[PDB]
Structures are given as structure tokens and as C-alpha cells.
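Here the structure comes first, spelled out in C-alpha cells, and everything after it is commentary.
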Amino acid sequence: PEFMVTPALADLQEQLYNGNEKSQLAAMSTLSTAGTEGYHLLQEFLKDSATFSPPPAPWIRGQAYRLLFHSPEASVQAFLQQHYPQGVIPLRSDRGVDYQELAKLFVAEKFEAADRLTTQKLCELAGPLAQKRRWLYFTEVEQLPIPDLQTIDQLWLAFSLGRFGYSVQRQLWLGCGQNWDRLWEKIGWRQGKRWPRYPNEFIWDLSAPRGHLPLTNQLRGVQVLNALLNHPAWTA
């Protein structure tokens with residue numbers, strides 16, 4: 001047996017486990033409105049789906065975890081504290097960097113704060129001089145560790161229904177003929193003839209265009225973003 005018991009929610013359960021991404025996301029959304037039993041099914045899904053291979057899209061478990069995280073049920077919060085105290089996305093670093101707070105901002109949909117912390121974490125990785133500076137040289141970007149960048153990107157993907165992350169910007173850029181002007185339009189980084197004013201003119205929720213976040217400051221030219229999108233993390 002793939003999963004345990006549960007009739008109105010029987011097809012939803014099957015869809016959650018065995019559906020395509022669209023079906024799974026619709027199913028878990030509906031299950032979160034089906035009370036104690038609906039949430040119990042989502043708990044079991046987090047346990048059971050860990051065995052799936054090859055790796056599914058990280059926002060399936062990400063969004064399932066978010067729905068549970070937002071549940072009013074004491075038993076659900078106990079389950080999460082016992083088994084997912086630091087969330088559902090593995091936090092990996094080559095430089096002892098802590099991503100726990102970042103993960104917390106993400107599940108809560110605090111995207112502006114998560115974007116601030118993303119930048120701060122890249123500077124942390126590049127060392128004291130970058131950390132003090134608060135921005136990166138492109139040469140420093142080229143040298144960021146793969147595990148750290150993957151952790152950051154996996155978090156962005158997992159908590160944005162796959163809409164946000166450097167890997168998304170990379171694919172959009174490659175699909176835009178590697179043309180930066182086309183990219184800025186595609187991901188919503190133009191306000192007519194100028195850059196959007198930070199932070200107020202960016203869109204800090206999932207209504208934003210795919211690739212809108214995280215931000216990389218274009219006032220200093222494209223070299224840092226170019227280094228990010230060409231980093232070995234995305235073909236490792």
C-alpha cells in the first residue's frame with residue numbers, strides 16, 4: 001500500500017501522491033479546507049513522499065509544509081515541531097552558514113525580508129570585506145559554493161510554487177535568447193524607461209512574474225547577475 005485509508009477525500013489523496021504537479025497542488029489546497037482529516041493526509045504525504053525518486057519539484061513538499069505550517073491544529077504543529085523543526089528543505093553549506101531564519105521567512109511568505117536576507121547571505125559567503133560592503137563583485141559570485149547557492153535557490157523555488165529563484169531566472173534568460181533587455185521586461189524589472197525603485201516598486205508576492213525574485217541590483221551593471229546565472233551550481 002502506497003498510503004493509509006481515509007471517501008470524498010479519496011481521489012484527492014491519490015492525486016496528491018500520484019498526480020502531475022498541477023493536480024497535486026490543487027489537491028493539497030482542497031485538503032487544507034477539509035479539516036482534521038485533510039491535514040492528517042498532508043502529514044502522511046510529507047512522510048511518505050520523501051521516498052520519491054528522482055527528485056520531484058521542491059514546491060510540492062514546500063507548499064504541503066506551508067499548508068500544514070498554517071494549520072490551526074495542535075497535532076499538526078506538534079508533528080512539525082517533532083519532525084520538521086527547521087523546515088522541509090535541506091539546509092546545506094560549505095562555509096557554516098545558517099539558513100534557518102531564511103527558511104522561516106520563506107514559509108511565512110515574507111518575500112521582501114527573504115530577499116534582503118538572500119543578499120546578506122551572499123555577502124556573508126564572500127567574506128568579511130563583502131559583508132561590510134553589503135554588495136558583491138562578480139568575481140566573488142563566480143566563487144560562491146555550490147551547496148550554498150543550491151540551498152538558497154531550492155528555498156526560493158520551494159516556497160514560490162516554482163516561480164522564483166536564480167535557476168528560474170537562468171531558464172528565462174536562456175529562453176529570451178540570452179538578451180538582457182528582454183529578460184528585464186519578462187521578469188518585471190522595468191518601470192517604463194527606468195529601473196523600479198527598491199523596495200516599493202517590486203512585487204513581494206506570488207502575483208509577481210516568474211523570475212521576479214530574488215533581486216540582483218542592476219544599477220551596477222549586469223556582471224553580477226551574469227555570474228550568478230552562469231554559476232556551476234545550475235549544471236552540477
Side-chain angles (χ1 to χ4, degrees), residues 46-47 49-50 55-70 77 79-138 140-171 198-199 202 204-206 208 210-217 224-225 227-236:
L46 278 193
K47 297 165 65 173
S49 64
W59 57 94
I60 301 299
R61 291 172 59 85
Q63 192 66 10
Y65 170 69
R66 173 178 281 148
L67 292 165
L68 291 166
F69 179 81
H70 284 148
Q77 299 311 316
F79 169 78
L80 296 180
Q81 186 50 59
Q82 289 174 37
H83 296 279
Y84 306 99
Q86 307 194 171
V88 286
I89 304 301
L91 305 177
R92 303 190 180 97
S93 179
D94 266 341
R95 297 177 65 78
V97 179
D98 182 15
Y99 296 109
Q100 291 185 52
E101 183 52 47
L102 183 57
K104 287 171 165 50
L105 293 171
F106 277 127
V107 65
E109 309 179 345
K110 304 302 182 194
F111 292 111
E112 190 176 337
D115 179 71
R116 281 201 302 276
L117 189 49
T118 292
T119 289
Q120 288 167 349
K121 288 286 156 179
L122 296 187
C123 292
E124 184 182 343
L125 288 159
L129 217 49
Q131 192 151 209
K132 198 155 175 174
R133 188 184 324 118
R134 300 196 171 98
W135 51 271
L136 306 156
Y137 290 117
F138 81 92
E140 292 170 333
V141 169
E142 290 174 344
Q143 301 178 5
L144 294 164
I146 286 176
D148 290 85
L149 268 177
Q150 292 182 339
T151 290
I152 292 165
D153 190 74
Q154 287 282 295
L155 284 170
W156 273 105
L157 289 169
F159 290 111
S160 69
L161 303 169
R163 299 179 70 79
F164 298 157
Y166 298 116
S167 64
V168 178
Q169 293 167 350
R170 172 176 166 85
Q171 289 316 125
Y198 173 87
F202 295 91
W204 302 107
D205 61 39
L206 301 184
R210 294 171 183 281
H212 188 72
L213 303 179
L215 302 185
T216 296
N217 186 5
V224 162
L225 185 52
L228 279 165
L229 302 193
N230 285 285
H231 196 275
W234 320 126
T235 52

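Along the sequence shown, residues carry numbers from 1.
- Sorted by first and then second residue, the ring-ring contact (aromatic ring centres under 6.0 Å, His included) pairs with a member in residues 111-132 read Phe111-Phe164; sequence neighbours excluded.
- Each salt bridge (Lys or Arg N to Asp or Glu O under 4.0 Å) pair with one or both residues in residues 80-99, not counting sequence neighbours, would appear here, but there are none.
- Partners of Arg66 by salt bridge (charged side-chain N to carboxylate O under 4.0 Å, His left out), not counting sequence neighbours, listed by chain and number: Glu109.
- You'll find the side chain of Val224 stays beyond 4.5 Å of the side chain of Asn217, heavy atoms only.
- Minimum interatomic distance between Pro145 and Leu125 (heavy atoms only, all atoms of both residues): CD-CD2, 4.2 Å.
- With a 4.5 Å cut-off on side-chain heavy atoms, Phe159 and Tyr65 count as touching.
- Residues meeting the ring-ring contact (aromatic ring centres under 6.0 Å, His included) test with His83, sequence neighbours left out: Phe79.
- Smallest separation of non-hydrogen atoms from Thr119 and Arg134: CG2-O, 4.2 Å.
- Within the structure, the side-chain hydrogen bond (donor to acceptor under 3.5 Å, both in side chains) test picks out the following pairs touching residues 145-160 (sequence neighbours left out): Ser93-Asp148, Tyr99-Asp148, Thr118-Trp156, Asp153-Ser167.
- At least one donor-acceptor pair under 3.5 Å links the side chain of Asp115 to the backbone N or O of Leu215.
- Contact detail for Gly62 and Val88: the closest heavy-atom pair is CA-CG2, 4.2 Å.
- Remark: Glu112 engages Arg116 in a salt bridge (charged side-chain N to carboxylate O under 4.0 Å, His left out) (not counting sequence neighbours).
- In terms of modelled atom types and a separation under 3.5 Å, the side chain of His212 and the main chain of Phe202 share no donor-acceptor contact.
- Residues that satisfy the ring-ring contact (aromatic ring centres under 6.0 Å, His included) test with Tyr137, not counting sequence neighbours, are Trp135.
- Taking all atoms of both residues into account, the shortest heavy-atom contact from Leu46 to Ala64 is CD2-CB, 4.1 Å.
- Residues satisfying the side chain to side chain donor-acceptor pair (under 3.5 Å) criterion with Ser49, sequence neighbours excluded, are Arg61.
- Scanning for side chain to side chain donor-acceptor pair (under 3.5 Å) contacts around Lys47 gives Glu44, with sequence neighbours left out.
- In this view, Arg133 and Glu140 satisfy the salt bridge (charged side-chain N to carboxylate O under 4.0 Å, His left out) rule, not counting sequence neighbours.
- With respect to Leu122, the side chain to side chain contact (heavy atoms under 4.5 Å, CB included) criterion is satisfied by exactly one of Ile152, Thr216, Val141: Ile152.
- Proximity of a side-chain donor or acceptor of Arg163 to a complementary backbone N or O of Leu157 within less than 3.5 Å is not detected.
- A pairwise comparison of heavy atoms in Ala158 and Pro58 identifies CB-O, 3.6 Å as the closest pair.
- Residues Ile89 and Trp59 form no side-chain contact, since every pair of their non-hydrogen atoms from C-beta on lies 4.5 Å or further apart.
- A donor-acceptor pair under 3.5 Å links the side-chain atoms of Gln77 to the main chain of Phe69, judged by distance alone.
- For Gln86, the side chain to side chain donor-acceptor pair (under 3.5 Å) partners at least two apart in sequence or on another chain are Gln100.
- Between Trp234 and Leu149 the shortest side-chain heavy-atom distance falls below 4.5 Å.
- Nearest approach of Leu225 to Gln169, heavy atoms of both residues: CD1-OE1, 3.9 Å.
- Summarising the geometry, atom CG belonging to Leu161 is positioned 8.5 Å from atom CZ belonging to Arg210; distances are rounded to the nearest 0.5 Å.
- For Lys104, there are no salt bridge (charged side-chain N to carboxylate O under 4.0 Å, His left out) partners at least two apart in sequence or on another chain.
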